[PDB]
Amino acid sequence: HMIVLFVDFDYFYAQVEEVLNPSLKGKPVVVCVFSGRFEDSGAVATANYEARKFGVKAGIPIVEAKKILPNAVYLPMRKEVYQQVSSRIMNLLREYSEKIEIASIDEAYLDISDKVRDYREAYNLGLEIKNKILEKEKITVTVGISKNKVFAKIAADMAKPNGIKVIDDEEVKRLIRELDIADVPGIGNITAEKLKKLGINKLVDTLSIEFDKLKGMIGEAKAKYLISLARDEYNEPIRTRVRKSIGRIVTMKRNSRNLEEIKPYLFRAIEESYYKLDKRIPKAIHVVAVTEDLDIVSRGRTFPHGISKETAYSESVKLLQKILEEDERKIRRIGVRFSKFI
DNA sequence: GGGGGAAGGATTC
DNA sequence: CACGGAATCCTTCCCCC
Ligand SMILES: Nc1nc2c(ncn2[C@H]2C[C@@H](O)[C@@H](COP(=O)(O)OP(=O)(O)OP(=O)(O)O)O2)c(=O)[nH]1
Ligand SMILES: [Ca+2]
Ligand SMILES: [Ca+2]
Ligand SMILES: [Ca+2]
């Protein structure tokens, strides 16, 4: 009987930038993360649709971006701001439901099984929310309403930007038949490829395959997940998940294997990590490194107690040494991550 | 046989 | 060319009932 409303903010980072600087509207905006290795090195965090239409999306080197739209506005990323803007919007969403699962910086699932009665009011409560967000914060969002969370997310996906969709029970049965598996939340490029080899192009194709051969390919959790959606019996609750890890990774001016060359970067990463922990004490720490060929390697340790800053500094090195010791590749990015809070 | 954690890796958004 | 934060899940190893 459950009704789920999913809210997703439009080209969020770029959009905040435009809210904070209204002149930018209508121009192509590209929020970037400058790695400083060389002039304009780094990547695209995101881009408004003005630039997205032309191929400038999250992940491309800012360099390839400048080649496509040499005259677009290129802003440095400012997480703290986007995060404080997300939060307030997120607090206005609580007015519509206590049952709210903040999935990420720009998404939230609201259980409206109560406050509403039908997709008529659902859809109207969507319009009340999309509009009340625009009023207060000046942010466009796309709403997705369906029987469960996954389908609420798909409804939003098909309706962005600034849209609102309702995939009722009629449509759900047609999506489980027509919807391209790859368009299902959780099926990225690697799981999409693996399922193709199994002849699984639709969620419905998942039913016609021995569960054991499906598990051995994508893992048990994914199988039961995809199987569940195929049978229209996926019905997971909404929970208010809490932070379980805090960390930061930075890029070096140039690759290295030298411990003293990498330290300043690792130490900076720790400082920000701690300034972010803010009152929370972690019992586990992980030094994370991206080797020059973009492979991610990491070494960590769990202590029976909380970690002080001074023990974080001392241990981080020890863990970094293990990495250079156990890997002959040059290091491109270095960072830390604190988990298992007290 | 199997609980449970810890560690390193894998994948997603 | 190619930044960055964090969650879920997998596999192997380990201790030990
Ligand atoms: N640094 C960085 N940030 C990202 C990346 N991908 C997404 N983000 C940020 C940028 C934001 O747009 C936000 C949400 O991204 P989404 O892909 O969910 O949607 P976005 O708002 O980018 O566009 P959309 O309205 O969904 O078409 O989180 C990434 O690859 N790197
Ligand atoms: Ca999103
Ligand atoms: Ca979005
Ligand atoms: Ca996909």
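Just so it is clear, the values below take in all heavy atoms, side chains as well, and ignore hydrogens, waters and symmetry mates. Numbered from 1 within each chain, the chains take letters A, B, ... in sequence-line order.
Using a 4.0 Å heavy-atom cutoff across all strands shown, A/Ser104 reaches no nucleic acid atom at all. Residue A/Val44 is classed as having no contact, given no heavy-atom separation below 4.0 Å to the nucleic acid. Residue A/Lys340 is classed as a sugar-phosphate contact, given heavy-atom separations below 4.0 Å to backbone atoms only. Using a 4.0 Å heavy-atom distance criterion, A/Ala221 is classed as a sugar-phosphate-only contact. Residue contacts shown for A/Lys283 are absent, as no nucleic acid heavy atom lies under 4.0 Å away. The residue A/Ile246 sits close only to the backbone: its heavy atoms come under 4.0 Å of sugar-phosphate atoms, none of a base. Nucleic acid contact for A/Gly247: sugar-phosphate only, since backbone atoms but no base atoms lie under 4.0 Å from a heavy atom of the residue. Counting any heavy atom pair closer than 4.0 Å across all strands shown, A/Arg239 reaches sugar-phosphate atoms only and no base atom.
When each of C/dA2, B/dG8, B/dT12 is scored by its nearest atom to the side-chain atoms of A/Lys222, the top-ranked nucleotide is B/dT12. Side chain of A/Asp295, nearest nucleotide from B/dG9, B/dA10, B/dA6: B/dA10. Side-chain atoms of A/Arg299 lie closest to B/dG8 of the nucleotides C/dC10, B/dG8, C/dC3. Out of C/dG4, C/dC1, B/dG8, the shortest distance to the side chain of A/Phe38 is found at C/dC1. Relative to the side chain of A/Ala43, the nucleotides B/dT12, C/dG5, C/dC3 differ in distance, and C/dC3 lies closest. Counting only heavy atoms from C-beta on, A/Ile190 has its side chain closest to B/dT11 among C/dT8, B/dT11, C/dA6. Of the candidates C/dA7, C/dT8, C/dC3, the closest approach to any side-chain atom of A/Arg332 belongs to C/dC3. Closest contact between the side chain of A/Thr251 and the listed nucleotides C/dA2, B/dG9, C/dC3 involves C/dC3. When each of B/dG8, C/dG4, B/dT12 is scored by its nearest atom to the side-chain atoms of A/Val33, the top-ranked nucleotide is C/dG4. For A/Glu220, the side-chain atoms get nearest to C/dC10 when compared with the rest of C/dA6, C/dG5, C/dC10.
In the model, A/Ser86 has no side-chain atom that pairs as donor or acceptor with a side-chain atom of A/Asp106 under 3.5 Å. Side-chain contact annotation: A/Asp10 with A/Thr140, donor-acceptor N/O pair under 3.5 Å present. In this model, no donor atom of one side chain and acceptor atom of the other lie less than 3.5 Å apart for A/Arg88 and A/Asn91.
At least one side-chain nitrogen or oxygen of A/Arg248 sits closer than 4.0 Å to the OP1 or OP2 atom of C/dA6. Contact between the side-chain N/O atoms of A/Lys244 and the OP1/OP2 oxygens of C/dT8 is found at a separation under 4.0 Å. For A/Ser245 and C/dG5, the shortest distance from a side-chain N or O to OP1 or OP2 is not below 4.0 Å.
Between the CZ atom of A/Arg37 and the P atom of C/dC3 there is a distance of 8 Å, rounded to whole Å. To the nearest angstrom, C1' of B/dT12 lies 14 Å from CD1 of A/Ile181. For the pair A/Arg301 CZ and B/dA7 P, the computed distance is 8 Å after rounding to whole Å. Rounded to whole Å, atom P of B/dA10 lies 17 Å from atom CZ of A/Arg337. Atom CD1 of A/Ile60 and atom P of C/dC3 are 13 Å apart (whole Å). Look at CZ on A/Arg329: it is 13 Å from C1' on B/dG8, rounded to the nearest Å. Between A/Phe303 atom CZ and B/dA6 atom P there is a gap of 13 Å when expressed in whole angstrom units. Whole-Å rounding puts the A/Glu236 CD to C/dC9 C1' distance at 15 Å.
A distance of 12.5 Å separates CD in A/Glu271 from CZ in A/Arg248, rounded to the nearest 0.5 Å. To the nearest 0.5 Å, the span separating CD1 on A/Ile281 from CG on A/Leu277 amounts to 9.0 Å.
The partner of C/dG4, taking Watson-Crick or G-U wobble pairs whose two distances both stay under 3.5 Å, does not exist in any strand shown.
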Q: Evaluate ring pair (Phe, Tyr, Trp, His ring centres under 6.0 Å) for A/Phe338 paired with A/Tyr274, printing each intermediate quantity in order.
A: CA-CA 9 Å; A/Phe338 296 95; A/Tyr274 265 78; 4.9 Å; yes

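Map A/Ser35 and A/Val242 each onto its nearest nucleotide of DNA chain C; the residue landing nearer the 5' end is A/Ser35. In this structure, A/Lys67 and A/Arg243 both approach DNA chain C, and ranking their closest nucleotides by distance from the 5' end singles out A/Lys67.
Between A/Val116 and A/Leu5, the closest side-chain pair of non-hydrogen atoms is not below 4.5 Å.
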